[PDB]
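Protein chains in written order, with the deposited numbering: chain A, 4 to 72, 81 to 99, 102 to 147, 152 to 462, 466 to 520; chain A', 4 to 72, 81 to 99, 102 to 147, 152 to 462, 466 to 520. A prime marks a further copy of an entry chain.
Notes to accompany the following structure.
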Ligand SMILES: *[C@H](C)[C@H]1/C(=C/c2[nH]c(/C=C3N=C(/C=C4\NC(=O)C(CC)=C4C)C(C)=C\3CCC(=O)O)c(CCC(=O)O)c2C)NC(=O)[C@@H]1C
Ligand SMILES: *[C@H](C)[C@H]1/C(=C/c2[nH]c(/C=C3N=C(/C=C4\NC(=O)C(CC)=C4C)C(C)=C\3CCC(=O)O)c(CCC(=O)O)c2C)NC(=O)[C@@H]1C
């Protein structure tokens, strides 16, 4: 169980979903050798929809298997383009070209339905009206609602990954008869690393039919490159079976997933579900993204500005401390006479200054002997860099007896034996999981992972834990350490004299 | 002259400013072998400031040449750190570590002045107040003013690269006695490609003394890697001499340059100049960037939203056309009865529909025979993709006689012989250059480039040229072509029947 859990986690992080050679059944995939546009490989479903199989096809080229009206960046202008064939029966595709990271042309023919197109005044009309009409919550809700408006989906949500790559549904529009996922929290193993890295490279993933059986590329390997073909940028690649199994027991027949990138990292996803299978054409997908992205630009801007705002809060405290410190006598005197500021510097409720032989406690701290034993623990463990923890109990067992006052500890050293300590109380935090995280998935045994069946609200109460240490707060704490080091250095050179 | 101009341009794009091995004189550079932190190479200026040269130093390690209070991502926590040495004389540095793209540790010791620090309430106090107190112009001016406030610089500007990588000073704060550069336009050769690619990787470049003579790394090559060391991420690397020569005749003794990135491309620069040499410490630099970046996040958001807004303008036109087209008889009938919409679709003043045997002109066009000869020119040149030009004169010489009505031409083909054309009139555009662009630089001859001496306003009048074709307008034009192709395809399958 514990061992099975362990390597099953290691199996998730390493999955090769991109080197899988199976395509969704509704559309055709071909990989083109050139200059010529010869068909080296093709999906097996061509038999059922074209009529000419990997007998008649393969190396007969795109030229005249299809009709229409090795290149380079011209692919962009070709995306999408109408390709059609007559086989007695008239099929019309919208083809989308791309080149792999390996550097070979894949063409993905989706059945085109749009001979007649669009809602009133385009896919954008209503959505733009809402965006202009203007807080972060407003942005969150506009995405999911106006995307659900454009699309016709049973459920549309905004899924935001946290610092541990878990995720939360932070916004949702849905039919009123469906049970809400708003505010549910999900394990990181649901969207494992290989799936997340895909969304840095592939901004859209659509699955019009979950129950559709994936057909294999023939041959499974590329004849030229001597490898499986990388379908990371692939529209028609079939999602890993486990994820399909995951969507089935959640009750989803179709999905559209658009990823949101901040500063080149996966911030989150616009996640769309349908109970029934559904056609989401290319132009619609591309529309939902362009909108999603514009609002996200504004989301990114806001959270950036809120981040800068908190940084200046802590910057005021620092300055007040740096001013009162230098100008007063012992720097320790300056720090202690302004508790409010010392505590605010890192968003904490208590602190301790251990310098030379004097030990000063400020605010809500553990009692002196307790902090003094902690300081010895800090010394015994040879802390040189910078130490913080949101749950001191679980690394310092004795800390359980003052978890009320110091479940959190930020500890910064100032040379040998000297420390600055900030303390934080236990704050009970309730997490609302989408299902029991103790069985986030299940492994059978030859390791075989299977997704969980229930996703019903499962309330956790997190204990023996403070608020988490934000990075701006730790940097602030080091800004003080550096200002203190500045003063020791100022003294040092005040006692230095030149030459003779 | 013309040949000299040509290869001198080719020399600029290929310069290896990053593989130069010369460092600025005020600070020390060392490259550390490890595990050990041995000094493999070091700047020659150590003699003049440490007292121990590449005799006493080299392989004596950072350990005890310096005092303080091969790693990995711990470099971040070490940046910056106080390093000091006593050599009878007490020097105090602020060291900043980084690892190359080649993967080796470079340590850059800047003389530390800040034993006593900061303005009131930190480097941010005033700047944050302005940002919250809230259009793009507002953002532009807040950057340059509040940066000039924080810094004490003689001139601070916002430099924005255009589509051709030329640039414009779009915002500026300066002493009132200095001649303004606001609104001046500069050649792309001033910030050549190698300099631009540097700012994707290195967000800050500071030169506290332009006149300071660069000292060489000894040895010039790294002994382990067998190459010159890549100083792209280097603080203390000396800017290429030509750029220093460029700053001298502009009258700049010191500069600080912070780059602004949108969606992973170089949008622009916060460019700071001082007439006199100036010390800009690390913490100040890092402050100016963090602020600059926060406001830029809001800039990026705004221009993104203005981009989306124009896209919806054109999206309305398209929809109106797609609606009136299909439902009416000949699609050409629908398009022609709504000239306003057809012209607005691509922001143009006239158009022509050439389909089958009928040729319809709309709005301000060249006369029929002229457009008909143009259509033959379009046919004779075998246009298959999509053709546009902001100056039709210079590719179609005869177009000079109707430059008043069609200096600009967007031309989209709909299968064989059929075209959609949009026309745009000559609009006189005046460019205000910072100096005569005809002598943007000068080459002597063994090619030796030298920067220009004058940067005084040089007014250009651009002729025979329309407004430039934006990408949203071209895509819009193709959205119509695709909707027309949809209708031909709809007919095609309306005449198709199944089986027997
Ligand atoms: C299989 C045993 C394990 C597993 C693997 C896995 N997951 C994915 C992909 C996704 N998971 C999500 C998750 C959600 N979307 C939601 O709307 C919600 C809550 C309502 C959740 C939790 C998403 C969005 C994706 C990808 C986007 C998409 O729809 O495709 C993959 C992807 C594989 C691929 O080939 O693309 C894999 C292999 N998931 C599990 O739960 C098991 C632990
Ligand atoms: C030399 C013959 C050619 C040349 C080379 C060159 N330029 C640069 C770097 C920069 N150029 C700019 C330009 C401006 N900054 C401004 O404020 C203004 C107007 C007021 C201009 C035009 C900038 C900002 C930089 C870099 C930033 C910095 O300050 O360092 C390089 C860089 C080399 C390096 O090693 O970093 C080189 C080689 N410039 C010319 O004009 C000649 C054509």
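Here a beta-carbon is modelled for each residue, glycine too, at the ideal position from N, C-alpha and C.
- Residue 121 (chain A') sits buried, since 16 or more C-beta atoms from the chains shown fall within 10 Å of its C-beta.
- With respect to the C-alpha of residue 235 (chain A'), the residue from A':14, A':32, A':474 having the closest C-alpha is A':32.
- At a threshold of 7 Å, residue 174 (chain A) counts as near ligand 1, since its beta carbon sits closer than that to one of the ligand's heavy atoms.
- As DSSP reads the structure, residue 239 (chain A) sits in a beta bridge with A:244.
- Closer than 8 Å at the C-beta level to chain A, one finds no residue of the stretch 29 to 55 of chain A'.
- Listed along chain A', the residues sitting closer than 8 Å to residue 513 (chain A) by beta-carbon distance are 103, 105, 128.
- Assignment of residue 462 (chain A) by DSSP, reduced to helix, strand and coil, places it in the coil class.
- Closest in alpha carbon position to residue 312 (chain A), among A:68, A:189, A:145, A:14, is A:145.
- With a cutoff of 7 Å, residue 472 (chain A') does not count as near ligand 1, since its C-beta is closer than that to no heavy atom of the ligand.
- In this structure the stretch 301 to 318 of chain A' does not lie against the stretch 327 to 337 of chain A', because fewer than three pairs of beta carbons, one per stretch, are closer than 8 Å.
- Here the alpha carbons of residue 251 (chain A) and residue 400 (chain A) stand approximately 49 Å from one another.
- Close to chain A', meaning a Cβ-Cβ distance shorter than 9 Å, are the following residues of the stretch 86 to 99 of chain A: 88, 89, 91, 92, 93, 95, 97, 99.
- For the stretch 488 to 516 of chain A', the set of positions with a beta-carbon nearer than 7 Å to some beta-carbon of chain A reads 503, 505, 506, 509, 510, 513, 516 in chain order.
- Close to residue 326 (chain A'), with beta-carbon spacing below 8 Å, are these residues of chain A in chain order: 141, 145.
- Under the three-state reduction of DSSP, residue 111 (chain A') is assigned to strand.
- Closest by C-alpha distance to residue 356 (chain A), out of A:337, A:172, A:282, A:488, is A:337.
- Minimum Cα-Cα distance from residue 322 (chain A') among the listed residues A:310, A:323, A:322, A:161 corresponds to A:310.
- For the stretch 264 to 297 of chain A, the beta-carbon criterion of a distance under 8 Å to any beta-carbon of chain A' is satisfied by 281.
- For residue 206 (chain A), the shortest C-beta to heavy atom distance toward ligand 1 is below 7 Å.
- Taking a cut-off of 8 Å for Cβ pairs, the stretch 180 to 196 of chain A' and the stretch 226 to 242 of chain A' do not touch, as fewer than three such pairs fall below it.
- At least one CB of chain A lies nearer than 8 Å to the CB of residue 339 (chain A').
- Residue 279 (chain A') is bridged by DSSP to A':282.
- Put simply, the backbone Cα of residue 113 (chain A) is about 12 Å away from that of residue 239 (chain A).
- Straight across, the Cα-Cα distance linking residue 395 (chain A) with residue 502 (chain A) is about 20 Å.
- Within the stretch 400 to 414 of chain A', 402, 403 place their CB atoms closer than 8 Å to a CB of chain A, listed in sequence order.
- Taking 8 Å as the CB threshold, residue 207 (chain A') stays off the interface with chain A.
- With respect to residue 409 (chain A), residue 362 (chain A) sits apart: the two C-beta atoms are not nearer than 8 Å.
- Taking 8 Å as the cut-off, the beta carbon of residue 429 (chain A') is found closer than this to the beta carbon of residue 403 (chain A').
- Taking residue 255 (chain A) as the centre and dropping the five residues before and after it, the same chain places the C-beta of 25, 26, 27, 231 closer than 7 Å to its C-beta, in chain order.
- Counting C-beta pairs closer than 8 Å gives fewer than three between the stretch 162 to 173 of chain A' and the stretch 338 to 357 of chain A, which falls short of the contact rule.
- Taken atom to atom, the span from the alpha-carbon of residue 506 (chain A) to that of residue 474 (chain A') is near 45 Å.
- Here DSSP, grouped into helix, strand and coil, assigns residue 202 (chain A) to strand.
- By the beta-carbon neighbour count (other beta carbons within 10 angstroms, threshold 16), residue 16 (chain A') is exposed.
- Boundaries for residue 30 (chain A): no alpha helix (DSSP H) harbours it, and the DSSP string shows neither H nor E there.
- The Cβ of residue 19 (chain A') sits no closer than 8 Å to any Cβ of chain A.
- Taken through DSSP and simplified to helix, strand or coil, residue 20 (chain A') comes out as coil.
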